[PDB]
Structures are given as C-alpha cells and as structure tokens.
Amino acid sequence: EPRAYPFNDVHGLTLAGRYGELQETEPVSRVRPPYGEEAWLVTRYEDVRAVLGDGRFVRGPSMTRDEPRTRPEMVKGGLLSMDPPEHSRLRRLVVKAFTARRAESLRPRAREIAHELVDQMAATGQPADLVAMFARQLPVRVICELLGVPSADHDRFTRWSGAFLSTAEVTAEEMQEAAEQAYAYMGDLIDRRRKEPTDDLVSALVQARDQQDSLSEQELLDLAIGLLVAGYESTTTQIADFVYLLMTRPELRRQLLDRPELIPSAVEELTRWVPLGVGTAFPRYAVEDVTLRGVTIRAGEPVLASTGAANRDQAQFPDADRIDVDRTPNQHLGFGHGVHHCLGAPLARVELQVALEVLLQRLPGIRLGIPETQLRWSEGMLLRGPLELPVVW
C-alpha cells in the first residue's frame, strides 16, 4: 500500500509524474524507500513549506533512527542533524562570519577561477568534459577561497575533496585517507588563523562571538568540513544540470546570450525547476501527533518534505513545468525553508551566476559533443546529474 520510493528516474532530470498525481489525490502519502523506514511523503508547496517551518518537526532523531534513504550507509551529524536551541547557537555564530557580503565579495575570485578552468578546457581541445574540467572544480576551489586555503594548497585540497563526492569510485580506505588529510589540514589552518588572523572565513569563525559565546576547537573544524561537503557536490551537480539544460534548450541559451542581466533570475528559475534530489533526504520527525490534510502524522513518524515536487506544484507556480527565466514571483524552496534554510545559498547563487556568465561569455556556442540519448547519468542515488558532459564550442 505505501509506494516504492524514490519515484524519479536518475537517468535525467524529469520530475516523476507520480508527484503530480499525489499533489492532486493524496498530498500526504506513504512511501517505502530502498533502505530505512517507511515514511510519509508530503508533496504540495503549502504543506512542504509548512513542514519545514513548523517547530513540531525535528531533525535530532536522525541520529538514532533508521532514516528512509537510497544508499545502505547513513551519513549522520552536521548542522542538519540538530534542533534549536543547540542548532540556533551554532547557526548564529556561523552566519555572523559567513555573511551575504562575504559571499558577494567572492564573485571576482569565482570569475577568475571560472576563466582559468575554461583556459584549461580550451588548451585540450574539443570535446572537453565540462563535468571533470569545470563543474567538479569551480565549487571546491571557491570554497578554498572562502575558507582561506592558500593558493599553493588548492590542488591537494581539491584532490582530497573529490573522494567525498557520492560519484567517487574510491575504496573505503582511500576515502578514509583523504578524510584524515582534510581534517588534519583544516585543523592546522584553523590554528594558524587563530594566532594570526586574516580576512578569510576561518579567521572570522574563530573570532565570532555571540553574547560571550564562541565556537570551540572541535566546532570550528566540524563546521569548516561541514561547509565543504554541503557546498561542494550540490553546487557541482547544479552547475552540470544548468549547463546541460542550456545546451539542450536553445531558447534558454539564446535568452541569456541576448540578455546576460537575466542570469540571476534564470538561476532562480532553474533552482526551482530542477528536481535535483533523487528523492528527498533529511526526513523530519513529528515531535507530537500533527494532522495534515486531514491525515494524522503520529509522534515519532518520519516525514519527507519534497522540495522538488513543491517547486513544481501548479497551485503555487502558474504553468509550473515551464522554464520561464523572468518568472516572478518565484518563492521556490530549492534552498530549503525554516531554520535549516541553506546557509551557503548567497554564495551558491554567486557561483551558479558566475558559471553561466563565464561559460556563455567564453563559449557562446557550447553544445553537447555526443547525442543527448547517449549521456551517462550519475547513479550515486543522492543527486541527479550527468557523470560526464563532453562539450564542443
């Protein structure tokens, strides 16, 4: 009676038709995931937003529950495993340092990196793999700039970081070795910065105070690694997916070449439209019985609040399946909602905007080097995107 879940096919960005049918007939429904417990699935924009904003729906039980999921291992902890007040405290300290102004201050460096990456692509000649040469490189290098990793260390830092991607084909031990290198490295960088602060985010996080409170040694380190993993694969996959869409929908590419000022609005529209998740990770747990759409979610039950379906809800977004780069209003949930609302979203916006800006400026004829039906899609089962994007220009 619960439906097998996920509904999305990983081999593309299509939004499963089941979502729409549930938004109509059964907006709070039961699902059976590949691993973990059966759960409620919530699919209407209004309800998804209500769930993510509601104090009765928490993340703490993640730590001691068999979470609905698509992979056998569970990845636990981070800010997203915490609830107020402990969550509020850490978030207050982080946002104090990681401000929208810091995010925008990185646009010039983000563009310089994007141009170097395009130089490297042009230097090896068509076809180049946009995924390996650009999408997997820009967001970790920008995180390097953000944190304060000295330039000479960007290559080894990038190399360790690649082992954390869900698409990586490394043994357990290899990934383990990259994880120890990155922790050790970040720990030392934090300690330098503490005694000799610069202008980078690690310096500002060490000096962040909130009515006499500060981040502990371990907190600093877990938060810095936490930003790395939250900010790398997401951004990488979304760059790949946006460019795949640009290269396969000529009217989208023509609109942005003609009017590059539309790039920020287009980033928002594609963040809405792309159901980036294979499913919905990060189940919330009811702290008490909650009745939603006349159905009672009981205390302790997991609830998957689908931002992919919510962002494509016809009740909230006129002609929701149309990509309209000027769409307004566009109050999408592509960066989340409520206390866990993506804290890197200003910088993600900067990076996505820069990626499209530089690629379009440098390679206005960029297009697929192989037929669309021949693309290989990631089977990492967390996010959807192409494994390789051979491009010509």
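C-alpha atoms forming the largest set that superposes within 1.5 Å between two forms make up the rigid core. Don't overthink the numbering: it's just position in the shown sequence, from 1.
Core superposition of the other structures onto this form places the C-alphas of 70-78 farther off in 5 other deposited structures of this protein than those of the other stretch among 70-78 and 158-166.
Looking at 300-308 and 278-286, the one farther from the shown form in 5 other deposited structures of this protein by average CA distance, after a rigid core fit, turns out to be 278-286.
Higher mean CA B-factor, judged across 72-80 and 309-317 from the recorded values: 72-80. When the C-alpha B-factors of 116-124 and 254-262 are averaged, 116-124 comes out higher.
You'll see in the entry that, of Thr25, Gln374, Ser378, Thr14, the Cα B factor peaks at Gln374. Per the deposited record, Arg194 carries the highest C-alpha B-factor of all listed residues (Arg322, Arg91, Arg102, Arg194).
Ranked within its chain, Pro329 lands in the middle third, by CA B factor from the PDB record.
In the PDB entry, a CA B factor belonging to the lowest third of its chain's modelled residues is recorded for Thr43.
In the PDB entry, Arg136 places in the middle third of its chain by CA B-factor. Sorting the modelled residues of the chain by their CA temperature factor places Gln361 in the highest third.
Ranked within its chain, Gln238 lands in the middle third, by CA B factor from the PDB record.
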